Amino acid sequence: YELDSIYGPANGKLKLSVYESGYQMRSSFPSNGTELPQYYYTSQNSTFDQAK
Amino acid sequence: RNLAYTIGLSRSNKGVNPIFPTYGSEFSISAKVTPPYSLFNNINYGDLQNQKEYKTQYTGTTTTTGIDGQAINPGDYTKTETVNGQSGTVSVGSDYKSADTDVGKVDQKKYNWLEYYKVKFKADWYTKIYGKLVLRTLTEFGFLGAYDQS
Amino acid sequence: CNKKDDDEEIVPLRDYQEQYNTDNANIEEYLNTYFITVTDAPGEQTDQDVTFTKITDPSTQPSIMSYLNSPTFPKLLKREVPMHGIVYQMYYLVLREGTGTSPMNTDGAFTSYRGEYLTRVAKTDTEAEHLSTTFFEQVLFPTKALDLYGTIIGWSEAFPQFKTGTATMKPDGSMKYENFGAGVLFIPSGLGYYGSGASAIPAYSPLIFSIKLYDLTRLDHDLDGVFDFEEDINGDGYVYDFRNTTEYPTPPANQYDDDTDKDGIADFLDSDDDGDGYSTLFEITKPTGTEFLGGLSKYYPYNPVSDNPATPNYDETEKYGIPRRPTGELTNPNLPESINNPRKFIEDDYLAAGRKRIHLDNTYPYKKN
Ligand SMILES: CCCCCCCCCCCCCCCCCCCC(=O)O[C@H](COC(=O)CCCCCCCCCCCCCC)COP(=O)(O)OCCN
Ligand SMILES: CCCCCCCCCCCCCCCCCCCC(=O)O[C@H](COC(=O)CCCCCCCCCCCCCC)COP(=O)(O)OCCN
Ligand SMILES: [Ca+2]
Ligand SMILES: [Ca+2]
Ligand SMILES: [Ca+2]
Ligand SMILES: [Ca+2]
Ligand SMILES: [Ca+2]
Ligand SMILES: [Ca+2]
Ligand SMILES: [Ca+2]
C-alpha cells in the first residue's frame, strides 16, 4: 500500500501524544428560550490542552 | 360530439388476384365534412380567452390562503404565481382582466361540436415490366382542416 | 404457510375507567406506605435526588401522602386531567420550586429524570402481596430538550407546574445547575403508556417519574411566527386541541378557549388564527418601506425582544411588536378607510399594552378591491 493525503516529506516523523480529555463537549445547549448549536473553533487548542 | 357526412369516389380495374395484382389501377378520392357551425352561431372563438366566463376563478365557499399567503375569498378570480421553489394560485380580486385564462374551458367551447373537413386521395398503379416482374406505384395524400381558423 | 392472517387480539383495551381506578388505588397505597428522602447537594448533579423506601416505623416516618396540600415544601398536589371521557387525577409532589419561568404543556423541557413503574405483585405462599417499583429509564445529564407535545400526557400536565433554574458553565466544560424545580410525579397508566407494553414497561403500569427541570425551550408548532406560549388566549398556561376523538370522544365545554376563530383548530396549531384568510406569517411580516422596522428580522415579534449575549454574532433587538389596527391618519382625508386609502401606523400601535394584534383581528388586512 501507498499512503494517500499525506502532506510533507515522506520521511517525516512527529512526536504523537494521546491524552484523555478532561473537557466535556456538547452538541447543543439551551439558551434564553432557544436551542443553540455548539461550535468548537480552530483556536481552542489551549482550552483542550490545559484540561488534559 | 361529431356529426359528419362522408362521400367517396373510387375506380378500380385491378386484376386478377387481389393479393398479387398484375394489371389495373385504383384511384380513390374521399371527403368527410361537418356542418359549418361557426358561420351560423354568433360566437367569437378568438376573444374567448378575454372574457370573464373563461378566466380561472375560485368556486369554493370558504376563505382560503394562496401561495402568496393572502386571502382568497369565495368567488374571486385567481392567477398562478411561483413563490420561491413551489408554485401556486394567487388571488387577483375582482380584476378578471389580470386573471389566468382557463384553457380547459376555452378548448371545451372550441371543441364541443367537432367542425372540420378531411380529404384523402390515393392512387395505385400496377404494371408488368418484364416476365412475371410487376411494378407498383403508390401515391397517397391526406388533408385535415377547419372552416374557421380562430 | 403462504397465507397471511390478520388476527389482532389486542382488542381487549381494558376499560379506561376500570384501569384508572386500579392505578389510582395502587398509587394511593404507595403514597401511604412509603416515605421519601431527598439529597441536598447544592451544586452537584445529585442536588434533588429522591429515594423511596417502605415505611416500617410509622411513628416518625412521614408518608408521602402526609405531604397533602401543605403550606410548605414539599407539597403533594392533585391536577385534574380530563381525557378519555373519564376525569383523570394525577398526583405530583413539588420538592422545590424553580426561580425562573414555567414551560407550556407543548414546549420543550431540558431536564433530567429517573423513571420507574409500579406493578402489584401477587401474594406468594411465603411472601405477602406488596408493591414493587422497577427502573426502566434515566437521564442524568440532559443533552437535548424534549418536546412536551409528543411526550406522555402526564409530563405535559405536570411540567407546567414547575419552574426552571439558572445554569452556569464551569471551566472544564461541565454545567452547574441551581435553583431549579424538582419533584416526583405519579402518572397513571392511562396518561402514560396504555396497553403498549412494547418497551421494558409492562402494559397498564402506573409510572413514577423523578424530574428536575433545568431549563426550557420555547417551541412553535404551526410555524406561524408566534410561539406556543404567546398563542395562549387565556392565562391558564395550557394549550389544548380537541381534534382527536381517541383522547377526546366528545369535545368539552372548555373548547374555543384557545381558538379565536372557533374553527376547531387551536391558535398554536392554526396558521390563519383569525379566519380572515391571510396567514399569520404574512400578517406579521414586515411590509416593504415601513417606518417601523426596529430590527433585522422580516417578521414582527409578538413582544419587543432584546439581543442575546450568548449570541455575539447577531443582534436580536426588536423594538416593535405585532401591530394592532392602524390608528393613524389616512393617506387622504377624503374617502373612507379601505384598501385604496389605508391608514398609516402611528407608533404606539407596535407598543401598546392590551392591543388586538392584526393576526387575531379579521378586519385589518382589508378586502381586495
Ligand atoms: C374529382 C371529383 C369530382 C368528380 C365529378 C364527377 C362528374 C360526373 C360525370 C358524369 C358523366 C357525364 C354525364 C354524361 C355521360 C355520358 C357520356 C357523354 C359525356 C362525354 O362527352 O364524355 C365521355 C366520357 O366523359 C365523361 O363521361 C365525363 C368524365 C367525368 C370526369 C371524369 C373524372 C371523375 C373524377 C375521378 C378522377 C380522380 C380519381 C378518383 C376516382 C366521352 O364520350 P365519347 O367517348 O362519346 O366522347 C364525347 C364526344 N362525342
Ligand atoms: C364535395 C364534397 C362535399 C359536398 C358533398 C357533395 C355531395 C354530392 C352529391 C351526393 C351524391 C349523390 C348524387 C350522385 C349519385 C347519383 C347517381 C345515380 C347512380 C348512377 O347510375 O349514376 C349515374 C351517374 O352517376 C353520377 O352521379 C356520377 C357522379 C357521381 C360522383 C359525384 C359526386 C362527387 C364525387 C367526389 C367525392 C370526393 C370529393 C373530393 C373533394 C346516374 O344514372 P341514373 O341514376 O340517372 O340512371 C341512369 C343509368 N343508371
Ligand atoms: Ca404558533
Ligand atoms: Ca389556554
Ligand atoms: Ca383556529
Ligand atoms: Ca397560529
Ligand atoms: Ca389570519
Ligand atoms: Ca445577541
Ligand atoms: Ca388578521
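All values below come from the heavy atoms of this structure, side chains included, with hydrogens, waters and symmetry mates left out. Counting convention: from 1, in listed order, for ligands and their atoms alike. So that the names make sense, note that chain A is the first sequence line, chain B the second, and so on, each numbered from 1.
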Exercise. Verify the distance criterion only: is there a donor paired with an acceptor across the side chains of C:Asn369 and B:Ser94 at less than 3.5 Å?
Key: yes
message: the Ca ion (ligand 5) and C:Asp259: any N/O/S contact shorter than 3.0 Å?
response: yes
min-distance N/O/S atom, C:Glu231 vs the Ca ion (ligand 6), resolves to OE2
C:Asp273 OD1 to C:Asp222 OD2 via the Ca ion (ligand 6), rounded to 10°, gives 140°
The atom name of the N, O or S atom in C:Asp276 nearest to the Ca ion (ligand 9) is OD2
*asked:* With respect to the Ca ion (ligand 9), please indicate if C:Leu360 possesses an N, O or S atom at a distance under 3.0 Å.
replied: no
For the Ca ion (ligand 6), the nearest N/O/S atom on C:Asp224 is atom OD2
| field | the Ca ion (ligand 6) reached by C:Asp272 (N, O or S, under 3.0 Å) | value | no
- Task: For the residue pair C:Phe209 and C:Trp155, categorise the inter-ring angle as parallel (less than 30°), tilted (30 to 60°) or perpendicular (more than 60°).
- Result: perpendicular
Do we get A:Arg26 above A:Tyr39's six-membered ring, with its NZ or CZ under 6.0 Å from the centre and within 45° of the axis? no
Could you check whether the rings of C:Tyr214 and C:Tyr177 sit parallel, tilted or perpendicular, using 30° and 60° as the cut-offs?
parallel
Answer key: the N, O or S atom of C:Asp361 nearest to the Ca ion (ligand 9) is O
For C:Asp267, the N, O or S atom at the shortest distance from the Ca ion (ligand 6) is O
Only one of C:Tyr194, C:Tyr204, C:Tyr88 passes ring-ring contact (aromatic ring centres under 6.0 Å, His included) with C:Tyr16, and that residue is C:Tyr194
The OD2(C:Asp270)-the Ca ion (ligand 5)-OD2(C:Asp261) angle, to 10°, is 80°
| task | Determine the interplanar angle of the C:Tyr350 and C:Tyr300 rings, folded into 0 to 90°, and report it as parallel if under 30°, tilted if 30 to 60°, perpendicular if over 60°. | result | tilted
Sidechain N-carboxylate O distance under 4.0 Å for C:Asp47, C:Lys212: yes
Of all the N, O or S atoms in C:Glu283, the one nearest to the Ca ion (ligand 9) is OE1
Report task. For the pair C:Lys78 and C:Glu80, find out whether any cationic side-chain nitrogen is under 4.0 Å from an anionic carboxylate oxygen. Result -> no
Among N, O or S atoms, C:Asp274 approaches the Ca ion (ligand 9) most closely through OD2
*Please determine if the Ca ion (ligand 5) has an N/O/S atom from C:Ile265 lying under 3.0 Å away.*
yes
Practice task
Tell me, yes or no, whether the heavy-atom count around C:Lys176 atom NZ, taken from other residues, nucleotides or ligands under 6.0 Å, exceeds 12.
Solution key: yes
